[PDB]
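Visitor: Enclosed is the structure file input-v9.tsv (TSV, N, CA and C atoms).
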```tsv
chain	number	residue	atom	x	y	z
A	1	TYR	N	-91.26	5.49	-17.85
A	1	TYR	CA	-92.19	5.10	-18.90
A	1	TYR	C	-91.48	4.38	-20.03
A	2	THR	N	-92.25	3.88	-20.99
A	2	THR	CA	-91.69	3.17	-22.13
A	2	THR	C	-91.46	4.11	-23.31
A	3	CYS	N	-90.81	3.60	-24.35
A	3	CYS	CA	-90.52	4.39	-25.54
A	3	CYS	C	-91.68	4.33	-26.53
A	4	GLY	N	-91.89	5.42	-27.26
A	4	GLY	CA	-92.96	5.46	-28.23
A	4	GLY	C	-93.84	6.69	-28.06
A	5	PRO	N	-94.70	6.67	-27.04
A	5	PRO	CA	-95.62	7.78	-26.75
A	5	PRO	C	-94.89	9.01	-26.23
A	6	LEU	N	-93.83	8.79	-25.45
A	6	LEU	CA	-93.05	9.88	-24.90
A	6	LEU	C	-91.83	10.18	-25.77
A	7	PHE	N	-91.10	11.24	-25.43
A	7	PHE	CA	-89.92	11.62	-26.18
A	7	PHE	C	-88.96	10.44	-26.33
A	8	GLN	N	-88.08	10.53	-27.33
A	8	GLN	CA	-87.12	9.47	-27.59
A	8	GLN	C	-85.76	10.05	-27.96
A	9	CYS	N	-84.71	9.24	-27.83
A	9	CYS	CA	-83.36	9.67	-28.16
A	9	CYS	C	-83.23	9.97	-29.65
A	10	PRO	N	-82.28	10.85	-29.99
A	10	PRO	CA	-82.02	11.25	-31.38
A	10	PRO	C	-81.41	10.12	-32.20
A	11	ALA	N	-81.31	10.33	-33.51
A	11	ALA	CA	-80.74	9.34	-34.40
A	11	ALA	C	-79.39	8.84	-33.89
A	12	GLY	N	-79.20	7.53	-33.91
A	12	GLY	CA	-77.95	6.95	-33.44
A	12	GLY	C	-78.05	6.44	-32.02
A	13	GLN	N	-78.92	7.05	-31.23
A	13	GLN	CA	-79.11	6.65	-29.84
A	13	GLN	C	-80.33	5.76	-29.69
A	14	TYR	N	-80.29	4.86	-28.70
A	14	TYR	CA	-81.40	3.95	-28.45
A	14	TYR	C	-81.76	3.93	-26.97
A	15	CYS	N	-83.06	3.84	-26.69
A	15	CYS	CA	-83.54	3.81	-25.31
A	15	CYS	C	-83.62	2.37	-24.79
A	16	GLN	N	-83.61	2.23	-23.47
A	16	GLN	CA	-83.68	0.91	-22.85
A	16	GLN	C	-84.84	0.83	-21.87
A	17	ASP	N	-85.69	-0.18	-22.04
A	17	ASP	CA	-86.84	-0.37	-21.17
A	17	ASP	C	-86.50	-1.29	-20.00
A	18	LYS	N	-86.71	-0.80	-18.79
A	18	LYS	CA	-86.42	-1.57	-17.59
A	18	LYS	C	-87.55	-1.43	-16.56
A	19	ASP	N	-88.41	-2.44	-16.50
A	19	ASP	CA	-89.53	-2.43	-15.56
A	19	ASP	C	-90.34	-1.15	-15.70
A	20	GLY	N	-90.50	-0.69	-16.94
A	20	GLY	CA	-91.26	0.52	-17.19
A	20	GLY	C	-90.38	1.75	-17.30
A	21	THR	N	-89.16	1.64	-16.78
A	21	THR	CA	-88.21	2.75	-16.82
A	21	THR	C	-87.61	2.91	-18.21
A	22	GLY	N	-87.06	4.09	-18.49
A	22	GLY	CA	-86.45	4.34	-19.78
A	22	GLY	C	-85.11	5.04	-19.66
A	23	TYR	N	-84.06	4.39	-20.15
A	23	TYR	CA	-82.72	4.96	-20.10
A	23	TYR	C	-82.16	5.17	-21.50
A	24	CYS	N	-81.65	6.37	-21.75
A	24	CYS	CA	-81.09	6.71	-23.05
A	24	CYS	C	-79.65	6.21	-23.16
A	25	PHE	N	-79.39	5.39	-24.18
A	25	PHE	CA	-78.06	4.84	-24.40
A	25	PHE	C	-77.49	5.32	-25.73
A	26	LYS	N	-76.18	5.51	-25.77
A	26	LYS	CA	-75.51	5.97	-26.98
A	26	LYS	C	-75.66	4.94	-28.10
```
Take the structure from the file and write it as structure tokens.

Guide:
Amino acid sequence: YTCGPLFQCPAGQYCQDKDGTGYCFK
């Protein structure tokens, strides 16, 4: 899923959207 409606990474970390997928990056 995408970022926003669902959980998200903590301060300092950023998520990555890939064809609907979501990967947590430092």

Visitor: Report the distance between atom CA of residue A:15 and atom CA of residue A:3 in Å, rounded to one decimal place.

Guide: 7.0 Å

Visitor: Could you pull out all residues of chain A with a DSSP call of strand (DSSP E or B) and give them as a list in words?

Guide: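 Residues meeting the strand (DSSP E or B) criterion: residues 3, 6, 14, 15, 16, 17, 18, 21, 22, 23, 24 and 25 of chain A.
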
Visitor: Find the residues near residue A:8: any atom within 12 Å, counting only C-alpha atoms, skip ones fewer than 6 places away on the same chain, and give them as a PyMOL selection string.

Guide: chain A and resi 1-2+14-17+22-25

Visitor: Go ahead and compute the interatomic distance for atom C of residue A:6 and atom N of residue A:18, in Å to one decimal.

Guide: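 Spanning atom C of residue A:6 to atom N of residue A:18 is a straight-line distance of 14.0 Å.
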
Visitor: Can you tell me how far atom C of residue A:20 sits from atom N of residue A:4, in Å to one decimal?

Guide: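 The value is 10.7 Å.
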
Visitor: Extract stretch 2-25 of chain A from the preceding block and save N, CA and C atoms as a PDB file, in the first residue's frame.

Guide:
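To be explicit, this is the file written out as selection_23.pdb:
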```pdb
ATOM      1  N   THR A   2       0.218   2.412  -0.116  1.00  0.00           N
ATOM      2  CA  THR A   2       0.926   3.686  -0.129  1.00  0.00           C
ATOM      3  C   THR A   2       1.002   4.288   1.268  1.00  0.00           C
ATOM      4  N   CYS A   3       1.762   5.370   1.401  1.00  0.00           N
ATOM      5  CA  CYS A   3       1.919   6.042   2.686  1.00  0.00           C
ATOM      6  C   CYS A   3       0.812   7.069   2.901  1.00  0.00           C
ATOM      7  N   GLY A   4       0.420   7.253   4.158  1.00  0.00           N
ATOM      8  CA  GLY A   4      -0.626   8.207   4.477  1.00  0.00           C
ATOM      9  C   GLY A   4      -1.722   7.603   5.333  1.00  0.00           C
ATOM     10  N   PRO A   5      -2.586   6.790   4.707  1.00  0.00           N
ATOM     11  CA  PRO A   5      -3.698   6.132   5.400  1.00  0.00           C
ATOM     12  C   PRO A   5      -3.222   5.047   6.359  1.00  0.00           C
ATOM     13  N   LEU A   6      -2.163   4.345   5.972  1.00  0.00           N
ATOM     14  CA  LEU A   6      -1.608   3.278   6.799  1.00  0.00           C
ATOM     15  C   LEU A   6      -0.450   3.794   7.648  1.00  0.00           C
ATOM     16  N   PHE A   7       0.058   2.938   8.529  1.00  0.00           N
ATOM     17  CA  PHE A   7       1.168   3.306   9.399  1.00  0.00           C
ATOM     18  C   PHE A   7       2.328   3.877   8.589  1.00  0.00           C
ATOM     19  N   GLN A   8       3.200   4.624   9.260  1.00  0.00           N
ATOM     20  CA  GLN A   8       4.352   5.229   8.603  1.00  0.00           C
ATOM     21  C   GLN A   8       5.586   5.160   9.497  1.00  0.00           C
ATOM     22  N   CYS A   9       6.759   5.303   8.889  1.00  0.00           N
ATOM     23  CA  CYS A   9       8.014   5.255   9.627  1.00  0.00           C
ATOM     24  C   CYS A   9       8.120   6.428  10.599  1.00  0.00           C
ATOM     25  N   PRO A  10       8.896   6.237  11.676  1.00  0.00           N
ATOM     26  CA  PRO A  10       9.098   7.268  12.698  1.00  0.00           C
ATOM     27  C   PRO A  10       9.928   8.438  12.186  1.00  0.00           C
ATOM     28  N   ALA A  11      10.013   9.494  12.988  1.00  0.00           N
ATOM     29  CA  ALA A  11      10.779  10.677  12.617  1.00  0.00           C
ATOM     30  C   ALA A  11      12.185  10.301  12.163  1.00  0.00           C
ATOM     31  N   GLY A  12      12.623  10.887  11.053  1.00  0.00           N
ATOM     32  CA  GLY A  12      13.947  10.599  10.534  1.00  0.00           C
ATOM     33  C   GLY A  12      13.921   9.575   9.416  1.00  0.00           C
ATOM     34  N   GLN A  13      12.927   8.694   9.447  1.00  0.00           N
ATOM     35  CA  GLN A  13      12.794   7.657   8.429  1.00  0.00           C
ATOM     36  C   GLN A  13      11.752   8.048   7.386  1.00  0.00           C
ATOM     37  N   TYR A  14      11.941   7.569   6.162  1.00  0.00           N
ATOM     38  CA  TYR A  14      11.019   7.871   5.073  1.00  0.00           C
ATOM     39  C   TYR A  14      10.636   6.603   4.316  1.00  0.00           C
ATOM     40  N   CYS A  15       9.374   6.526   3.905  1.00  0.00           N
ATOM     41  CA  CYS A  15       8.879   5.368   3.170  1.00  0.00           C
ATOM     42  C   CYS A  15       9.057   5.560   1.667  1.00  0.00           C
ATOM     43  N   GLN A  16       9.069   4.453   0.932  1.00  0.00           N
ATOM     44  CA  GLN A  16       9.234   4.499  -0.516  1.00  0.00           C
ATOM     45  C   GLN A  16       8.085   3.782  -1.218  1.00  0.00           C
ATOM     46  N   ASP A  17       7.446   4.475  -2.155  1.00  0.00           N
ATOM     47  CA  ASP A  17       6.330   3.904  -2.900  1.00  0.00           C
ATOM     48  C   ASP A  17       6.817   3.244  -4.186  1.00  0.00           C
ATOM     49  N   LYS A  18       6.490   1.966  -4.350  1.00  0.00           N
ATOM     50  CA  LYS A  18       6.894   1.219  -5.534  1.00  0.00           C
ATOM     51  C   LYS A  18       5.741   0.365  -6.057  1.00  0.00           C
ATOM     52  N   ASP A  19       5.082   0.847  -7.104  1.00  0.00           N
ATOM     53  CA  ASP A  19       3.963   0.126  -7.700  1.00  0.00           C
ATOM     54  C   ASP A  19       2.923  -0.234  -6.643  1.00  0.00           C
ATOM     55  N   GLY A  20       2.706   0.677  -5.699  1.00  0.00           N
ATOM     56  CA  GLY A  20       1.739   0.438  -4.644  1.00  0.00           C
ATOM     57  C   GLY A  20       2.380  -0.106  -3.382  1.00  0.00           C
ATOM     58  N   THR A  21       3.586  -0.647  -3.519  1.00  0.00           N
ATOM     59  CA  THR A  21       4.306  -1.208  -2.383  1.00  0.00           C
ATOM     60  C   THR A  21       4.905  -0.106  -1.514  1.00  0.00           C
ATOM     61  N   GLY A  22       5.223  -0.448  -0.270  1.00  0.00           N
ATOM     62  CA  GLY A  22       5.800   0.524   0.641  1.00  0.00           C
ATOM     63  C   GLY A  22       6.982  -0.033   1.410  1.00  0.00           C
ATOM     64  N   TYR A  23       8.145   0.583   1.231  1.00  0.00           N
ATOM     65  CA  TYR A  23       9.356   0.141   1.911  1.00  0.00           C
ATOM     66  C   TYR A  23       9.894   1.233   2.831  1.00  0.00           C
ATOM     67  N   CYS A  24      10.174   0.862   4.076  1.00  0.00           N
ATOM     68  CA  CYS A  24      10.694   1.807   5.057  1.00  0.00           C
ATOM     69  C   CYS A  24      12.202   1.980   4.899  1.00  0.00           C
ATOM     70  N   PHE A  25      12.630   3.220   4.687  1.00  0.00           N
ATOM     71  CA  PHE A  25      14.047   3.521   4.518  1.00  0.00           C
ATOM     72  C   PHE A  25      14.546   4.436   5.633  1.00  0.00           C
TER      73      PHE A  25
END
```
